[PDB]
Amino acid sequence: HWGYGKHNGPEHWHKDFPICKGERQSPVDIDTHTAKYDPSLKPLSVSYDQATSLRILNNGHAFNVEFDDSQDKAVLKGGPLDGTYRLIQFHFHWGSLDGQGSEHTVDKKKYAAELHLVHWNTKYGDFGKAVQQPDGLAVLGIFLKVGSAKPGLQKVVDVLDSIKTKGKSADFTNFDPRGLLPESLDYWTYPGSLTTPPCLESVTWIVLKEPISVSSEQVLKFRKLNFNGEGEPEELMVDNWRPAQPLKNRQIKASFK
Ligand SMILES: [Zn+2]
């Protein structure tokens, strides 16, 4: 099956998932000099006050912190978006070293990790339906750099020992995703795809300009997770990022000058 190894990584995905070579794939390099300020973009609206987290799961390619998306409780709207998008889960991509890990890059710069807060368009009723639509998902992407600790991440870091291996889940209630946001909501936006198979081209990407800082100890604990199941040979869950894909016929817009 697909993964991030030598024999099943991103360069192989297209054999089972042809859309992975499509016209609007993600991530991309964000060339800050060619991105265009678009004064028509509205401010982003992140409304996470009533967010209800439920669970954290190691699914063999990352860990997802999952939310109750059965009501409008944690929603993204505004910016480039029409209508309302509900938070379903967040996860990260990270490296084996601090010098890599992000999926998007900024003038070719790779960050140590990248956070994806995944939201689906309520006009489609559920995530499964939404993910098949060209405007079905909105993903807020946030870069992580290593420096000072992010206090709001620590509760995530501390539960990772309980979900070391693929298929393990743990109760994870009352986690507040607002503690993962930077100060500024300035962003770049472009139309793209899931960055994991099936690579569906259903995503409005909203990538924040301001990274959050996490500590070396925090990211080190990400790197102790396993891609494998319990009782299978240990392979550390590191470098679970897809590299930048060709921009092709797209323009990245900036919300800021
Ligand atoms: Zn992701």
Side-chain angles (χ1 to χ4, degrees), residues 1-5 8-11 13 17 19-20 22 24-30 46 53 55-67 69 74 76 85-96 100-106 110-121 127-128 130-132 136-145 150 153 156-157 160 163 166 169 172 175 177 180-182 187-208 211-212 214 218-219 222-223 225 227 237-245 252:
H1 217 211
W2 71 267
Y4 298 89
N8 69 358
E11 306 306 311
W13 294 354
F17 305 98
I19 189 59
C20 285
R24 54 174 285 198
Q25 288 294 287
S26 295
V28 300
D29 182 56
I30 296 160
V46 190
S53 71
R55 204 175 69 140
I56 186 167
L57 170 69
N58 178 337
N59 59 18
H61 44 103
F63 63 85
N64 289 358
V65 175
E66 301 165 347
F67 291 79
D69 63 351
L76 184 61
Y85 290 71
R86 264 185 214 166
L87 179 62
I88 171 168
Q89 50 102 339
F90 71 76
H91 60 271
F92 303 81
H93 304 269
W94 60 93
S96 58
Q100 66 199 42
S102 68
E103 294 206 309
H104 291 90
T105 57
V106 178
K110 293 177 170 72
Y111 284 86
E114 184 170 331
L115 165 61
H116 290 161
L117 291 130
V118 181
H119 310 74
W120 56 271
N121 194 328
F127 175 88
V131 76
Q132 300 290 338
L137 300 191
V139 184
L140 188 52
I142 300 180
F143 295 118
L144 277 62
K145 69 178 183 83
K150 194 68 168 174
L153 181 61
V156 173
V157 163
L160 299 184
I163 57 153
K166 182 183 184 185
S169 63
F172 199 64
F175 177 75
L180 299 176
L181 299 175
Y187 64 85
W188 295 285
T189 184
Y190 77 96
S193 78
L194 312 179
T195 65
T196 46
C199 297
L200 295 174
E201 294 183 333
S202 61
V203 183
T204 300
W205 275 96
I206 300 166
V207 179
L208 299 191
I212 60 169
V214 300
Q218 285 178 329
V219 75
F222 282 16
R223 299 183 184 133
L225 289 169
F227 283 130
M237 179 179 289
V238 292
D239 293 316
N240 60 344
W241 49 279
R242 188 188 197 188
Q245 299 301 304
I252 306 187

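Heavy atoms only: backbone and side chains are in, while hydrogens, waters and symmetry mates are out. Starting from 1, each residue takes its place in the sequence as its number. Both ligands and their constituent atoms are indexed starting at 1 by order of listing.
- Looking at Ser202, its side chain does come within 3.5 Å of a backbone N or O of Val131 through a donor-acceptor pair.
- Sorting the N, O or S atoms of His93 by how far they are from the Zn ion (ligand 1) puts NE2 first.
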Step-by-step side-chain contact (heavy atoms from CB on, under 4.5 Å) determination, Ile56 to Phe175 | CA-CA 10 Å; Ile56 186 167; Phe175 177 75; over 6 Å; no

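- Summary: ND1 is the N/O/S atom of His116 found nearest to the Zn ion (ligand 1).
- Within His91, the N, O or S atom at minimum distance from the Zn ion (ligand 1) carries the name NE2.
- No side-chain donor-acceptor contact under 3.5 Å links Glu114 to the backbone of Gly141.
- Between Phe67 and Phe90, the ring planes lie tilted relative to each other; the angle falls in the 30° to 60° range.
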